[PDB]
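Chain identifiers are assigned alphabetically (A, B, ...) following the order of the sequence lines, protein sequences preceding nucleic acid strands; residue numbering begins at 1 within each chain. Counting starts at 1 for both ligands and their atoms, in listed order. Scope of the values below: all heavy atoms of this structure, side chains included, with no hydrogens, waters or symmetry mates.
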2 protein chains.
Amino acid sequence: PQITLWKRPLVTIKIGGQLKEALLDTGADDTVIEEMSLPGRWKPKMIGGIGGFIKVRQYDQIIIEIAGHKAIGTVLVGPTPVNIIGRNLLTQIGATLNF
Amino acid sequence: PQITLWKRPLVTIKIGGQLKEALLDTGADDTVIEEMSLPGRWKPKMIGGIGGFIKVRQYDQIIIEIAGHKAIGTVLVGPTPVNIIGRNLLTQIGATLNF
Ligand SMILES: CN[C@H]1CO[C@@H]2OC[C@H](OC(=O)N[C@@H](Cc3ccccc3)[C@H](O)CN(CC(C)C)S(=O)(=O)c3ccc(N)cc3)[C@@H]21
Ligand SMILES: [Cl-]
Ligand SMILES: [Cl-]
Ligand code: NA
């Protein structure tokens, strides 16, 4: 699909058995989701944005379905105000910016 | 052009006759750039991101070139960690997300 940017590019994701709304965010290196449980090992990480840093849990090799396209990669979990799909998973679904 | 997301989507912008690097950011509603002087009056705004909120100066109707495409619109100036081109000017340059 082609998504225009008049409005926030929100899509439905499926992660950890749950449906969530998330923002397709080319300015995010990493995918960051609101607090939830995920299986397997994790390690702590700090990630910074506008406003400073938050502490997150880093889970590797997590499968997500993004607008119907499956991808696997690292997912950061913590107190983000918005669920964000970052470049680490946008590449896997073949997303590009075009102008 | 078609920009893939394996690396950060950085482009050259020109504002006040100066070249700067900035990130094409579909997760940003608004364009915000690091401290610089812009002409005219400004109005207050708060923008929130991953770590919380910052105060910025809002300048309207600023001429800015983005990857060679001319735009004229609102630029926020404040302590952002990186220059970000958000959806208000991405729509002016005709950008879409595609997958
Ligand atoms: C530096 N780590 C960063 C980079 O990679 C990592 O992945 C996740 C984080 O990325 C980010 O937070 N990306 C943001 C851009 C941004 C901000 C600061 C620095 C770089 C990029 C976002 O793309 C845009 N942000 C709203 C998101 C969180 C809903 S906003 O806070 O900046 C914003 C920018 C304008 C406006 N008008 C309002 C908010 C880590
Ligand atoms: Cl990854
Ligand atoms: Cl590719
Ligand atoms: Na894992």
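- When the options A/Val56, A/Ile84, A/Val82 are ranked by their closest heavy atom to atom 28 (C) of ligand 1, first place goes to A/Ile84.
- Ring planes of B/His69 and A/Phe99: perpendicular class, angle over 60° (limits at 30 and 60°).
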For the pair A/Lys20 and A/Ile33, evaluate side-chain contact (heavy atoms from CB on, under 4.5 Å) and give the outcome as yes or no after the intermediate values.
-> CA-CA 9 Å; A/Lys20 286 187 177 292; A/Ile33 304 292; 4.0 Å; yes
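- A salt bridge links B/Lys43 to B/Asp60: at least one charged side-chain nitrogen sits closer than 4.0 Å to a carboxylate oxygen.
- Rounding to the nearest 0.5 Å places CZ of A/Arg87 at 10.0 Å from OG1 of A/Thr31.
- Residue A/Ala28 holds the heavy atom nearest to atom 10 (O) of ligand 1 of all those in A/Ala28, A/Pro81, B/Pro81.
- Residue contact annotation: B/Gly48 has a non-hydrogen atom under 4.0 Å from ligand 1.
- In terms of N/O distances under 3.5 Å, ligand 1 is approached by A/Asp25.
- Taking 4.0 Å as the cut-off, A/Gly86 does not count as a neighbour of ligand 1 on heavy-atom distance.
- Hydrophobic cluster membership differs between B/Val82 and B/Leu24, with clusters built from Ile, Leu, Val, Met, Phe, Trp and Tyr side chains linked at under 4.5 angstrom.
- A donor-acceptor distance shorter than 3.5 angstrom exists from the side chain of B/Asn88 to the backbone of B/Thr74, with no hydrogens or angles considered.
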Do A/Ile50 and B/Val32 pass the side-chain contact (heavy atoms from CB on, under 4.5 Å) test, and can you show the C-alpha distance, the side-chain angles, and the key distance before you say yes or no?
-> CA-CA 10 Å; A/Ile50 248 170; B/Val32 54; 4.0 Å; yes
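- Within ligand 1, counting atoms from 1 as listed, the ones closer than 4.0 Å to a heavy atom of A/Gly49 are 12 (O), 18 (C).
- If you check which protein heavy atom lies closest to atom 36 (C) of ligand 1, you get B/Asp30 O, 3.8 Å.
- Sorting the N, O or S atoms of A/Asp60 by how far they are from the Na ion (ligand 4) puts O first.
- For the atom pair CD1 (B/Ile62) and CG (B/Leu38), the distance works out to 4.5 Å, reported to the nearest 0.5 Å.
- Taking any N or O of A/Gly27, backbone or side chain, at least one lies under 3.5 Å from an N or O belonging to ligand 1.
- Nearest protein neighbour of atom 33 (C) of ligand 1, counting heavy atoms only, is A/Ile50 CD1, 3.8 Å.
- Closest protein heavy atom to atom 7 (O) of ligand 1: A/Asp29 N, 3.1 Å.
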